[PDB]
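Residues per chain, in single letters:
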Amino acid sequence: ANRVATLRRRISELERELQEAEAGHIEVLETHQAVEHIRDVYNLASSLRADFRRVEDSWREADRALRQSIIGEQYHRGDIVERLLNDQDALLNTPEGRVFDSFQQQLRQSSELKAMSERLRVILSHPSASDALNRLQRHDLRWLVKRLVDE
Amino acid sequence: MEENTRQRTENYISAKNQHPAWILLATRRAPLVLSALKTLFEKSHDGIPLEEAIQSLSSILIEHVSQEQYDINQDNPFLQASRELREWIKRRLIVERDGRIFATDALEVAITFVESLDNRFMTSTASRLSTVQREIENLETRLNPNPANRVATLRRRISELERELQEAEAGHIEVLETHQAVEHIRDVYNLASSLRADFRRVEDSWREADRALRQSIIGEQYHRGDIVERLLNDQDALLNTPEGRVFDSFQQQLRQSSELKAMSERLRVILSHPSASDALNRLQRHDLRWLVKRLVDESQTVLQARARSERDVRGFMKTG
Amino acid sequence: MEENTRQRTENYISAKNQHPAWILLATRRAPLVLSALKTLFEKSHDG
DNA sequence: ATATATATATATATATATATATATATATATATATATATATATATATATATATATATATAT
DNA sequence: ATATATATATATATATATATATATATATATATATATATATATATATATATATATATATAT
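Residues numbered from 1 in each chain as written, not as in the entry; some residues may be left out. Chains lettered and ligands numbered in written order. Part of a larger assembly, values for the part shown. Heavy atoms only, no water.

- Listed as the method for this PDB entry is cryo-EM; the listed resolution is 3.7 Å.

Right, here's the structure in full:
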């Protein structure tokens, strides 16, 4: 019931916005506030790269551990398969693991990542983007999705 | 562009030789001092009284006396604490202000760096992408001035919410899995916490602007009538300086009683939920619980900090 | 709370001799190295 | 009831002496960074030798 | 018939010297840090020394 009420108020809110927009009284971000509002999304999203920079390292270390452990003579085949499954699941269980898993889940519904990339492409075209970010930062954000996929 | 690349090296040399945080990180005893300071302010609501800080620092020194290689005192904790705190104020790292002590922005950045340096929980969560998606979704739908695009966007959003409402009416809803909630709580904490990170850079913007004003006045022959308009010109100049401008807009939004009260209520119900206790230790939850109070009071403090410059007009103009 | 006040100093002490970034930042010649590397990596996301 | 002259207590300033904490100027030990010696590893130049595809000539 | 032998120039690999470039270790020189000594700011005093004003006397 609480979710129903929340949606009943949100639908009314968006309907009021629709009524205003249909009345020709659409409103943009104050062109000057746009610079800060874009710097906001840039800084906010800048974390993801700093997070994959460590997801990669965690999985590399997991693989190296699996190597140095498989040498063990005490280990037999059943030990090795078990250790593989356990190591991968445990890595996936850590926070960075859940980050990677969520990113992966996004790919199954690529529509959303592609929509995000398209929107970012549109955003950086707007003139204010040039003031907020230099060419380098725009170069990153325009292809953040690709840089994550590649990483 | 890359013409500035030649000058950037000189800029970094300047930062290395003068900036407080960087100089701190280069000291032979940097980790001990930084850890002590971190612990001291880790418990703050606002500026800590001098004596509360002295007691806490002296107790902490006691805990770390075993690090004897650094000539750490072993017979006098209060004297050592007072000496160290005086020195750190001399290091431009904390402020002799109003009987309390506050963290200089340099300390804030050094804390953020080192605390984000070791093996730890990362700066992000599995929910960061969803937040970014929503933020871009709003940024585009609001930057777009084409009313047709806006009305179509609203047409589709209203349809999605209509689907949700119909689904709930039929008796179907969805909720977060436990660890999903953990990640979302951590995301909330990471976001909201950053709001505090820049108050005492705005404070320094005001301080530098005021000191620049009083410093340029060394031309004792200046026609004092200029300040009749400079009273507005300083405000305008800092209203385009991103610090003052953004802080002013932040106040404008921070005055929306309904929204802040609702956000506080939502934070309360969130912290009450069991998953909250798992995502964050009691200290973090206590910090977030009253967050709105902290922001209100810190903004008011920064206001009363700029207040000093506000009266400076009469102090400059008049004589007798 | 109390546990961290003693265990954390170990984390920073180790980081001061284990993590490359901090090891670099304390060096005499840090800004030159950091600027040069930034310039190199500024213009090429591919390496 | 007002308007002045009345002796003194209260509260205070200050002083040389003591002490104690803060700030400045210095010396010595620890750590850093560069330079050097030496050894060792890389690659290249020269020439010798290895092996190969085909030539030239022969087998039943 | 189709198949075979050695012999040729062919490119390729290999041994060895030349200098160079890299790596490791030692020593010297350099800079940070903290210690020690001197002086100054701060607090208190035992007492002098005091101004102010009250509490206070006087006048009409």
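The structure having been displayed, the exposition proceeds.
## Considering the overall build of chain C
- Within chain C, the secondary structure is distributed over three helices and zero strands.
- For chain C, the succession of helices and strands along the chain, N to C, is α-α-α.
- Each principal axis of the C-alpha atoms in chain C carries an extent, and together these give about 45 × 25 × 15 Å.
- When burial is assessed residue by residue, chain C has 26% of its 47 residues classed as buried.
- Summing over all exposed atoms, chain C offers an accessible surface of approximately 3200 Å²; the carbon and sulfur share of this is 58%.
- When the 7 positive and 5 negative side-chain charges of chain C are each reduced to one mean point, those points stand 13 Å apart. (Helix = DSSP H or I, 4+ residues; strand = E, 2+ residues; numbered from the N terminus. Buried < 20%, exposed > 50% of the residue type's maximum accessible area, 1.4 Å probe, protein only. Areas by Shrake-Rupley, 256 points an atom, 1.4 Å probe, with all protein chains shown as cover. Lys, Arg positive; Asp, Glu negative; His and termini not counted. Charge placed at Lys NZ, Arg CZ, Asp CG, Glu CD.)

## A word on the interface of chain A and chain B
- Contacts between chain A and chain B engage 45 residues on the former and 46 residues on the latter.
- Counting the surface lost from both chain A and chain B, the interface buries some 4500 Å², and carbon and sulfur atoms represent 68% of this.
- Counting every contact that joins chain A to chain B gives four salt bridges.
- Across the pair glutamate 183 of chain B and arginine 98 of chain A runs a salt bridge, and its minimum N-O distance is 3.0 Å.
- Every element with two or more residues in the side of chain A that touches chain B is listed here: α1 (2–22), α2 (33–70), α4 (95–108) and α5 (111–125) of chain A.
- Counting residues per element, the side of chain A that touches chain B draws most heavily on α2 of chain A, at 15 residues.
- Tallied by class, residues from the side of chain A that touches chain B come to 22 nonpolar, seven polar and 16 charged. (Contact = heavy atoms within 4.5 Å. Buried area = accessible area lost by both parts, 1.4 Å probe. Salt bridge = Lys/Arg side-chain N within 4 Å of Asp/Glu carboxyl O. Nonpolar A, V, L, I, M, F, W, Y, C, P; charged D, E, K, R; others polar.)

## Focus: the protein's contact with DNA strand E
- Near DNA strand E, the surroundings consist of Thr27, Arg28, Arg29 and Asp71 of chain B together with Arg28 of chain C.
- Take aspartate 71 of chain B: an N or O atom from its side chain is 2.7 Å from a sugar or linking oxygen of DNA strand E.
- Interatomic distance of 2.7 Å between a side-chain N/O atom of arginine 28 of chain C and a sugar or linking oxygen of DNA strand E.
- Residue composition of the surface near DNA strand E, by class: no nonpolar, one polar and four charged. (Near = heavy atom within 4 Å. Polar contact = N/O pair within 3.5 Å; in protein donor to acceptor, adjacent residues only side chain to side chain.)

## As for the side chain of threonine 141 of chain B
Residue and element names in this part refer to chain B.
- By the secondary structure assignment, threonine 141 is in helix α7 (residues 128–143).
- At a separation of 3.0 Å, a polar atom in the side chain of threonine 141 contacts the main-chain carbonyl oxygen of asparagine 138.
- If we skip the residues at most four places from it in the chain, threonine 141 touches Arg150, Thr153, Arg156 and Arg157.

## Details of the packing of helix α1 (residues 5–18) of chain B against helix α3 (residues 30–42) of chain C
- For the pair α1 of chain B and α3 of chain C, the least separation of the axes is 9 Å and the interaxial angle reads 145 degrees. Crossing geometry of α1 of chain B relative to α3 of chain C is assigned as right-handed. Contacts between α1 of chain B and α3 of chain C involve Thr5, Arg8, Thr9, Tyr12, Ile13 and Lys16 of chain B from the former and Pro31, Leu32, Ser35, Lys38, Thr39 and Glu42 of chain C from the latter.
- In terms of residue class, the contact of α1 of chain B with α3 of chain C is built from four nonpolar, four polar and four charged. (Axes fitted to C-alpha atoms, helices over the stretch in contact; angles between N-to-C directions. Left-handed = near helix turned anticlockwise from the far one by under 90°.)

## So, the protein's contact with DNA strand D
- Taken together, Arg28, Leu79, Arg86 and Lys90 of chain B together with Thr27 and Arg28 of chain C make up the full set of residues near DNA strand D.
- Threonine 27 of chain C is positioned such that a nitrogen or oxygen atom in its side chain is 2.6 Å from a phosphate oxygen of DNA strand D.
- Looking at the surface near DNA strand D, its residues break down into one nonpolar, one polar and four charged.

## Description of the side chain of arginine 147 of chain A
- With respect to the element layout, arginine 147 of chain A can be found in helix α8 (residues 144–150).
- Although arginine 147 of chain A is buried, it forms no salt bridge, and the closest oppositely charged side chain is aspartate 140 of chain A at an N-O distance of 5.1 Å.
- Not counting chain neighbours up to four residues away, the residues in contact with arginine 147 of chain A comprise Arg49 and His139 of chain A together with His45 of chain C.

## Considerations on the packing of α2 of chain A against helix α12 (residues 242–254) of chain B
- Running from N to C, α2 of chain A and α12 of chain B point in directions that differ by 90 degrees, and their axes come no closer than 12 Å. With respect to their mutual orientation, α2 of chain A and α12 of chain B come out roughly perpendicular. Here α2 of chain A contributes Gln33, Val35, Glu36 and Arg39 of chain A to the contact with α12 of chain B, which in turn contributes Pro242, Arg245 and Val246 of chain B.
- Grouping the amino acids of the contact of α2 of chain A with α12 of chain B by side-chain chemistry returns three nonpolar, one polar and three charged. (Parallel < 35°, antiparallel > 145°, perpendicular 65-115°, else oblique.)

## Some thoughts on unusual backbone geometry
Residues and elements named next belong to chain B.
- One non-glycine residue, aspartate 71, adopts positive backbone phi at about 55 degrees.
- Take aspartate 71: it is sitting in the loop between α4 (50–63) and α5 (77–90).
- Despite not being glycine, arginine 92 shows a phi value in the positive range, around 60 degrees.
- As for its position among the elements, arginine 92 is in the loop between α5 and β2 (100–101).
- Classification of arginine 92 as exposed rests on a relative accessible area of 60%.

## Focus on α1 of chain B
Residue and element names in this part refer to chain B.
- If you check α1, its first and last C-alpha atoms are 20 Å apart, about what 14 residues at 1.5 Å a residue would give, namely 20 Å.
- Turning to α1, its buried residues are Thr5, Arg8 and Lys16. Down the axis, α1 shows its buried residues gathered within 75 degrees of arc, on one side only. In α1, the exposed positions that point more than 90 degrees away from the buried face belong to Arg6, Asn17 and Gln18. (Expected span 1.5 Å × (residues − 1). Arc of directions from axis to C-beta.)

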